[PDB]
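Okay, so here's the structure we're looking at.
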Amino acid sequence: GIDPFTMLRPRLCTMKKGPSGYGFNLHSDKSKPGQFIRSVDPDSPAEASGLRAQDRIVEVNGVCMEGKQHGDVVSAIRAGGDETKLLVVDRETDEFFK
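Okay, so the sequence shown: first residue is 143 according to the deposited numbering, each after it adds one.
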């Protein structure tokens, strides 16, 4: 029942704004699922940390709220100062199960 390594486990990401920012994108529609990543810049703060597009946003700077609103998720990133602690999910598997 339980996976040895992991299947969908949540991933932790730590990107530093600075003069580069994040280098990623975010897209959302419904108000039930939440906010997911639409694009990621290769070799960018998001990548350097270990982030990959398609991942589902779970928290922002410690605030773990599954189902946050676009403005809520966007604002969370703004209030994250220079260090944005983002916890996302792996859709790579989400598509696998498809």
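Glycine included, each C-beta is placed from N, C-alpha and C at the ideal position.
Under three-state DSSP, which class holds residue i?
| i | result |
| --- | --- |
| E201 | strand |
| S217 | helix |
| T235 | helix |
| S191 | helix |
Can you give me the C-alpha to C-alpha distance between residue i and residue j, rounded to a whole angstrom?
| i | j | result |
| --- | --- | --- |
| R198 | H169 | 10 Å |
| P161 | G143 | 45 Å |
| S186 | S217 | 21 Å |
| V200 | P146 | 23 Å |
| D232 | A195 | 9 Å |
List the DSSP bridge partners of residue i.
| i | result |
| --- | --- |
| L150 | Note: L150 sits in no beta bridge, so no partner. |
| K240 | Answer is none; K240 lacks a bridge partner. |
| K227 | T156 |
| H169 | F178 |
Classify residue i as buried or exposed, calling it buried when 16 or more other Cβ atoms lie within 10 Å of its own Cβ.
| i | result |
| --- | --- |
| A221 | exposed |
| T226 | buried |
| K210 | buried |
| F238 | exposed |
Worksheet item: Can we say the region 169-180 touches the region 149-161, given the rule of at least three CB pairs closer than 8 Å?
Response: no
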